[PDB]
Amino acid sequence: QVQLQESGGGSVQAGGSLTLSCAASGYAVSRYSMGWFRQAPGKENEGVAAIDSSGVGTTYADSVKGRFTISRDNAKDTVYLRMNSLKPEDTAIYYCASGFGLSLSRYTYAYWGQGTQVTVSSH
Amino acid sequence: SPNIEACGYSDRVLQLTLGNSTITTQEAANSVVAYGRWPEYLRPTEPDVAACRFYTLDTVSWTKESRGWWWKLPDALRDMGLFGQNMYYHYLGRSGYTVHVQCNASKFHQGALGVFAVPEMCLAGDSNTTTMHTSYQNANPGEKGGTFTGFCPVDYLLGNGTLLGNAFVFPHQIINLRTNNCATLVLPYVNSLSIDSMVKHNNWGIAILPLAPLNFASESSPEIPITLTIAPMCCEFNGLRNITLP
Amino acid sequence: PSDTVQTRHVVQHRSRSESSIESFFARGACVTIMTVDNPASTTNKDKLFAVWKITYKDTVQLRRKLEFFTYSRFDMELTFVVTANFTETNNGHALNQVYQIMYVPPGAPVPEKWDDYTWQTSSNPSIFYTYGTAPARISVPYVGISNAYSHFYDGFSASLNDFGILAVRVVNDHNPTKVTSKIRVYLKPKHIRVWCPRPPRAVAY
Amino acid sequence: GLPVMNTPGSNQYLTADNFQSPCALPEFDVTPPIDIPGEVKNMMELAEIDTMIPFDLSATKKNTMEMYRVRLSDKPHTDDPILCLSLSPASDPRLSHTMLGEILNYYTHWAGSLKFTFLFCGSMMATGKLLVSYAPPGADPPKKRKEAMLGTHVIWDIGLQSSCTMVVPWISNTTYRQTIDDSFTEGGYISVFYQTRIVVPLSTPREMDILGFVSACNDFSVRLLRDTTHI
Amino acid sequence: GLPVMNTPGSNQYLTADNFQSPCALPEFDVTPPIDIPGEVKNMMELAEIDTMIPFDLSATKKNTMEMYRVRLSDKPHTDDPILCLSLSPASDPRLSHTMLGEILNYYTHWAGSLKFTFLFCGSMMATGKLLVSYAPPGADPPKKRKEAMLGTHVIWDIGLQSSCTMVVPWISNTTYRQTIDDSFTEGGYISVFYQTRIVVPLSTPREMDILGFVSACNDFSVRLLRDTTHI
Amino acid sequence: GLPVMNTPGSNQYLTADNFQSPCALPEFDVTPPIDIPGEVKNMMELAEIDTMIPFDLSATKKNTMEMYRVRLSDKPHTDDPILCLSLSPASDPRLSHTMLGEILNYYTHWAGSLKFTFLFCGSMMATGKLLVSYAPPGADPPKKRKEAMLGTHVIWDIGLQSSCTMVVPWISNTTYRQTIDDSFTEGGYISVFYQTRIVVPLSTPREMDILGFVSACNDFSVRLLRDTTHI
């Protein structure tokens, strides 16, 4: 059974950088890609960042472009979502998924994490 | 499974006038025979047109919140003229069903209805040890029927504990708004016996759940109606008892 | 090679004999584990007899396999693997035993005491298995009251169909050294036929 | 007595044997069978029955009816497929829950062709064109339209015909493939892209869905009966 | 020796088997059989023999000859039947003690028709008419003449013919019925009412009796051999 | 039951028997066999395949490729053979490591003929003549040319034909010979001598080599299956 442990969540500040990670069990991370999907309170399944382990070819969503950084580790079978310069709109319960690969689409994936809640706290 | 594409609009209005009834079907063609069998006679009193004619159940509103609907046979048609009578005056009874489900909308509405006929459709209550459980009356909601939910039949569990996606094993048709307006399901008698008692045992089970949501253009009709016309086919009953008039 | 027209499918069969119905259930699986014993002492719980109602519904393996269908007819072949052993840590002795297995047809008197008249059954079959030989085997044909066995029954009257009850005791009498035994029953549904399939039970029972 | 010799194998019990044993109830009148519609002869027959694929098994949409609803939203023409699927039966969580897959988890091999049928569920007036693509085993997932375009693909028109049927052929190294996750024998990819785009008249809802179906063919066969039942 | 293999089931004893064993007394002259009248071939044959029903098993009349005497007394024309009987074999204390019932307590099912014969035992001069009624399975007991009149009934005239024969047909849900008390499969009712009344000339005793008989037909069969013998 | 009698030998296990036992996997689709080139029918066939003899198993040349290189050096015409070989299979360390010998170490006897083929591997220009000699079983090793000359010998010319084939016949006392060292049945000798000498033109290297091959014939057979496998 393939397991993805969504780790790196919490309530940081507006502009407060927060990295994310997922331990990929059950398969060779290279055969798959890996991405991120956020969903705001009562909203929809929306994409953020995803890259393929083999080609390491980046792809971000238009609204998140720049501030977010995705990076894979083939040694520890983990992904690193460097959500830097956060904004009050980035307050959406995140999720990670291994892809076939490769890009941020509707669903287009299969293995889904439990869900980590990140809240871009602002004064 | 039902990958057909008749025409798309309307061509030919050809009415089915059996006995006293009249239907005026969208067309005639595009019908599914359950398992490839036509309702035949036991190889008895055969009423024919007397019992064999079209009866229409109550019309129900399909809405953007609807979870589904379900009925039982002969159960629903227990309050239908001669077929309602012959059901209580006999200890026996076997019958076929021409479930003709109609649903009209405009070229502006979108969605998809899957009419599923589940033979021996017992409803949700995970007590394997003690099934049937829910009272005779609840299990039998007559002509008004019962409804699925998001006696409690869960929609994705087809209201029996099995994933909806596999429902496609039972005879069915998909009333897809952009194509078909009508659904025709001929269900032959299916039970462990040659003939049985209708009052107690439910042969089939018509279950119409929404596969696609309902979306209407800007402002239009907030809801669309679905109608179920059912008819007893090649039926027989043995043997009149003190025509115990009610 | 590469092709995606829309034809029927492509070619014709390609050998599918080991997948067929008869061959799908040709395997006999465990259905229950009955525990008897030959005590010298008055143990009323384990008291010689062991009663078990013949039902597939107890185990999982053979249960889910039968659930892909609604109706079935099947010649039920049963085998009994009996195994014994001493309970007490004593160099006590015992003579090779005999057990009496009883296939009691559905709707008959279920034995209570191992002393009652219903344990003599002038009509009901019995099997005297001497320990230390090839396991006992009987064939019970389609004993259904209907034209088919209904796995899922919709309507009112879960007793299912009732395939009867099995009762076993030690035929040999009270020996000072208490020996416990376990009877494993297997079911092979030969000559099986099925009708109207449903989606498989996804979850646990 | 007739000179007989007991060879090895006597008094053993082979669970999968086939022997004639004593019949416990002599002369018992067995109730004759009636032609109840729907008699099944072999398991492969239940596979040739189209079954809806739960494509969107997302965090919230899995184990809910939404897993069957692939929604064509209002997003930019990015050659990012709307949906991609691995032609690897038990080695992919989507093809597994289908009646087809349910038959495959009881064998070790699988051969023949398979057919994916897409049914559009949008307004009659709505029109557009999509490209359903297939990439044979071992090939990398087609991530661009241009990429997917080169291989076996069908250009499915929404405007005209509502249902597309793409029969995936038998382009396999081994005469018999693994139902398990193997690189020596790995499926391939079935993906859909925006050939054109979605065109809706007036103010009709801009988001509709598409359902998917899967089944086997006459040449589809299986072998080595195995199981997986837990407690 | 000829290579033979001992399979499971060897050395066991099936009480209901059928094997050829050694004959203890070789060449023993068996006394030839003679055609003694009354050879029986099957049990169903003993059922097709009319046997008197003990209708009145009342507190004092049961286990005495009076249980067989149904007396038509001098009482008001109340549509209260003179006698009513449940067509439920072992699920009714009256049909049980008949030779017919005695055959049914050795099986689980019973099929076919049955025939109730009523023999009037009153003065030749005495006349009148009665209505023997039948109410098929599941129907409520006919408690009024009018009620009983609607269903299958025979209008038996005392004045003319002394014996009435009402053959109860096969109006059954299951192809095979329960000999036990079941609501899924419950018999029905056979009841008699005063069509007219009893007319006696001069000073002839105003109270006579009627006997009842029951038997099976050619289509009557049974199955699943069981027992019930106590100590 | 049919009167049968258990004779001696029941319940024993003969490793080399041949009995029909139960098949663990009924109806299992066995993958059909394809004509893969090189099907073998019998072991004697692998023997009729010429295999290079490692003649020079000297202290340093053994277990190295040099064991296959018989070098004709620049030495005096001494009737001392260049090479001599014992026609005694497992009773001589040279014929043993050949595919031929590898078949013989699995039996007790060997019959028929054998063929030794010598291939010269020197300059085209180089010429000369050699005498390949055979001395039947029991005879003393031919140590002089004159001695070897008297018996069955071939006068192999280097100048003309590069390869010599000398078929050793079946001159044996017993119809079946020992593969072991026995004096009752001992092979014989195959030896080569300088008929003439080696003549090389210009300054071409004065030392070349010759390879040897050995195989069986159609009449070559073996018996009594034995083994020799250690740990």
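Residues numbered from 1 in each chain as written, not as in the entry; some residues may be left out. Chains lettered and ligands numbered in written order. Part of a larger assembly, values for the part shown. Heavy atoms only, no water. Residues with missing side-chain atoms left out of burial classes, pairs and counts.

cryo-EM is the method the PDB entry lists for this structure, together with a resolution of 4.30 Å.

With the PDB entry as reference, chain D is termed Genome polyprotein, source organism Poliovirus type 1. Per the PDB header, the title for this entry is "expanded poliovirus in complex with VHH 12B".

If you check the PDB entry, chain B appears there as VP2 from Poliovirus type 1.

A look at the overall build of chain D
Heads up, the condition is: For helices the rule is a DSSP run of H or I covering at least 4 residues; for strands it is a run of E covering at least 2, with both sets numbered from the N terminus onward. This radius of gyration counts C-alpha atoms alone. The globule rule is 2.2 Å times how many residues there are, raised to the power 0.38. Residues are treated as being in contact if the distance between any of their heavy atoms lies within 4.5 Å.
From N to C terminus, chain D includes 3 helices and 15 strands. For 231 residues, the compact-globule estimate of 2.2 N^0.38 gives 17 Å, and chain D exceeds it by more than 25% at 24 Å. Its C-alpha atoms give chain D principal-axis dimensions of roughly 95 × 45 × 35 Å. A fraction of 81% describes how many contacts in chain D between residues 6 or more apart in sequence connect residues 24 or more apart.

Observations regarding the overall build of chain B
Looking only at helices and strands, chain B features 2 helices and 11 strands. Listed N to C, the secondary structure of chain B is β-β-β-β-α-β-β-α-β-β-β-β-β in terms of helices and strands. Scaling as 2.2 N^0.38, a compact globule of 246 residues should have a C-alpha radius of gyration of about 18 Å, and chain B matches this with 18 Å. Overall size of chain B, expressed as C-alpha extent along the three principal axes, is 60 × 45 × 35 Å.

Side note on the interface of chain C and chain D
Our working definition: Note on definitions: buried area is the accessible-area loss of two parts on being combined, 1.4 Å probe, summed for both. What makes a salt bridge here is a side-chain nitrogen of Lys or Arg within 4 Å of a carboxyl oxygen of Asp or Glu, nothing more. The definition of a polar contact used here is a pair of N or O atoms within 3.5 Å, where within protein one atom must be able to donate a hydrogen and the other to accept one, and adjacent residues in sequence count solely through side-chain atom pairs. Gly counts as polar in this scheme, as do all residues outside two lists: the nonpolar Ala, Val, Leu, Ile, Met, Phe, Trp, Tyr, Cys and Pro, and the charged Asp, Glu, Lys and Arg. One requirement defines pairing of two strands: DSSP has to find at least two bridges between them.
Every contact between the two is made by 56 residues of chain C and, on the other side, 56 residues of chain D. Among the residues chain C hides against chain D, the three largest losses belong to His9, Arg16 and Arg137 of chain C. Together they make up 14% of the total. Salt-bridge contacts for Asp17 of chain D lead to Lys188 of chain C; the nearest nitrogen and oxygen are separated by 3.2 Å. Applying the counting criterion to the chain C and chain D interface returns 17 residue pairs in polar contact. Of all the elements, strand β9 (residues 179–197) of chain C adds the most residues to the side of chain C that touches chain D, at 8 residues. Across the side of chain C that touches chain D, the residue classes break down as 26 nonpolar, 17 polar and 13 charged. Looking at chain direction, β9 of chain C and strand β2 (residues 39–40) of chain D are connected through 2 bridges and run antiparallel.

Quick look at the arrangement of the chains
Sorting the 10 pairs of chains in contact by contact count puts chains C and D at the top. Here chain A and chain E are not in contact; the least distance found between their C-alpha atoms is 42 Å.

Quick word on a negative patch on the surface
Let me state the cut-off plainly: For patch detection, residues must exceed 30% relative accessible area and be free of salt bridges, and they are connected within 9 Å for like charges or within 5 Å for nonpolar side chains (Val, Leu, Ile, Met, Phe, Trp, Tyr). Every accessible area reported is derived by Shrake-Rupley at a probe size of 1.4 Å, with residue values counting cover from the shown protein chains alone. Counted charges follow a simple rule, with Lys and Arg positive, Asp and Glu negative, and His plus the chain ends left uncounted. Where a charge sits is defined by one atom per residue type, namely NZ (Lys), CZ (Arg), CG (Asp) or CD (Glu).
Together, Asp140, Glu147, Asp181 and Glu186 of chain F line one region of the surface with negative charge. Here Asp181 of chain F lies in the loop between β10 (177–178) and β11 (189–193).

Details of the state of the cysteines
Put simply, the test is: When the sulfur atoms of two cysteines come within 2.5 Å, that pair is taken as a disulfide. Relative accessibility under 20% of the residue-type maximum defines a buried residue, over 50% an exposed one, and the middle range a partly exposed one, all with a 1.4 Å probe and only protein chains included.
On inspection of all chains with the given rule, the structure shows 1 disulfide over all chains. The partner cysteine of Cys22 of chain A in its disulfide is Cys96 of chain A, sulfur to sulfur 2.0 Å. Handedness here is read from the sign of the S-S torsion; for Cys22 of chain A and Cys96 of chain A, about -115°, the answer is left-handed. Of this pair, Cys22 of chain A sits in strand β2 (residues 18–24) while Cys96 of chain A sits in strand β7 (residues 95–99), and the two are 74 residues apart along the sequence. Looking at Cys22 of chain A, the relative accessible area reads 1%, which means it is buried. There is no disulfide at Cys217 of chain F, and the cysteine sulfur nearest it, in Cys164 of chain F, is 14 Å away. Looking at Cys217 of chain F, the relative accessible area reads 16%, which means it is buried.

A short note on the packing of aromatic side chains
Where two aromatic rings form a pair, the distance of their centres and the angle of their planes describe that pair. The cut-off we apply is this: Think of it this way: a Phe, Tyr or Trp ring, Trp meaning its six-membered ring, pairs with another when their centres are within 6.5 Å, and the plane angle makes it stacked under 30 degrees, edge-to-face over 60, tilted otherwise.
Considering all chains together, one arrives at 30 aromatic pairs over all chains under this definition. A ring pair is formed by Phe83 of chain B and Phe237 of chain B, whose centres lie 6.4 Å apart and whose planes are at 65°; its orientation type is edge-to-face. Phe237 of chain B matches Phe83 of chain B in its accessibility class, with the two residues each being buried. Note on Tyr149 of chain C and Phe163 of chain C: the rings are 4.9 Å apart at their centroids and 25° apart in plane angle, and the pair reads as stacked. In this structure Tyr149 of chain C comes out as buried when scored by relative accessible area, which is 4%. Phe163 of chain C sits in the buried class, given a relative accessible area of 6%.

Quick notes on the side chain of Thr152 of chain D
Topologically, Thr152 of chain D is positioned in the loop between α3 (145–150) and β9 (153–157). Those residues in contact with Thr152 of chain D that lie beyond four places of it in its chain are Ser2, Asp3 and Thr4 of chain C together with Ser133 and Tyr134 of chain D.

Some points on the sheet that holds strand β9 (residues 206–216) of chain B
All names here are of chain B. Read across the open sheet, the 4 strands follow the order β4-β9-β6-β7; overall the sheet is antiparallel. A strand with exactly one partner marks an edge of an open sheet, and here the two such strands are β4 (69–70) and β7 (172–176). Relative to β9, strand β6 (residues 109–117) runs antiparallel, the two being bridged by 8 bridges. The residue bridging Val115 from the neighbouring strand is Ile208, located in β9.

Structural notes on the nonpolar core
Cut-off, in case you're wondering: Side-chain atoms within 4.5 Å are what join buried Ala, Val, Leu, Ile, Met, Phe, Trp, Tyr and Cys residues into a set we call a nonpolar core.
By size, the foremost hydrophobic cluster in this structure holds 161 residues, and its most contacted members are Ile206 of chain B, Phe80 of chain C together with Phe116 of chain D. Excluding its chain neighbours within four sequence positions, the residues that come into contact with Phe80 of chain C are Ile101, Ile127, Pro135, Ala136, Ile138, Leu166, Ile183, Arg184 and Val185 of chain C. The next biggest cluster of nonpolar side chains, apart from the first, holds 37 residues, and it includes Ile53, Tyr107, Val192 and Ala216 of chain E.

Quick look at the interface of chain C and chain B
Taken together, the contacts link 24 residues of chain C with 31 residues of chain B. The largest contributions to the chain C side of the interface with chain B come from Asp154, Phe156 and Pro199 of chain C, which together make up 30% of the buried area. Summed over the shared surface of chain C and chain B, the result is 1 salt bridge. In this structure, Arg201 of chain C and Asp126 of chain B form a salt bridge, with 3.7 Å as the shortest nitrogen-oxygen distance. Between the two partners, chain C and chain B, sit 8 residue pairs in polar contact.

A look at the pairing of β6 of chain B
Residues and elements named next belong to chain B. Of all 9 residues in β6, 9 are buried; the element is thus mostly enclosed. Residues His109, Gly111, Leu113, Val115 and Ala117 line one face of β6 and the alternating positions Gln110, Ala112, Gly114 and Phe116 line the opposite face, and both faces are buried. With 5 bridges connecting them, β6 and β7 associate as antiparallel partners. What sits directly across from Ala112, in β7, is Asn176.

As for the sheet that holds strand β1 (residues 4–6) of chain F
Using the following cut-off: Lines are fitted to the C-alpha atoms to define the axes, a helix being fitted only along its stretch in contact, and any angle between axes, read from their N-to-C directions, falls within 0 to 180 degrees.
Reading across from one edge, β1(E)-β1(D)-β1(F) is the order of the 3 strands in this open sheet, with parallel pairing throughout. Sheet topology places β1 (2–4) of chain E together with β1 of chain F at the edges, where each strand pairs with a single neighbour. On average, each strand axis in the sheet is inclined to that of its neighbour by 50°, with strand direction left out of account.

Here's the deal with the pairing of strand β5 (residues 83–86) of chain D
Strand residues, when the strand is regular, have side chains that alternate between the two faces of the sheet. Residues and elements named next belong to chain D. Side chains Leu83 and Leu85 of β5 all project onto a buried face; the interleaved residues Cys84 and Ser86 project onto the opposite face, where all are buried too. Summarising the sheet, β5 and strand β12 (residues 189–193) pair through 4 bridges and their orientation is antiparallel. Among the inter-strand pairings, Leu85 is bridged to a residue of β12, identified as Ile190.

What about the pattern of salt bridges?
Counted according to the given criterion, the structure contains 46 salt bridges over all chains. Close ionic contact of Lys41 of chain F with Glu39 of chain F constitutes a salt bridge, the shortest N to O distance being 2.8 Å. On the accessibility criterion, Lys41 of chain F (64% relative accessible area) is exposed. Note on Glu39 of chain F: relative accessible area 59%, which makes it exposed. By sharing partners, the salt bridges in this structure join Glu44 and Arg106 of chain A together with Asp56 and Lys61 of chain D into a single network.

So, a nonpolar patch on the surface
Taken together, the side chains of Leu2 of chain D, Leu2 of chain E together with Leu2 and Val4 of chain F present a nonpolar region at the surface, about 400 Å² in accessible area. Secondary-structure assignment places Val4 of chain F in strand β1.

Some points on the environment of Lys129 of chain D
Residues and elements named next belong to chain D. Examined against the element boundaries, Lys129 turns out to sit in strand β8 (residues 127–135). Given the relative accessible area of 33%, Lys129 is considered partly exposed. In this structure, the C-alpha to C-alpha distance between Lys129 and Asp157, residues 28 residues apart in sequence, is 4.4 Å.

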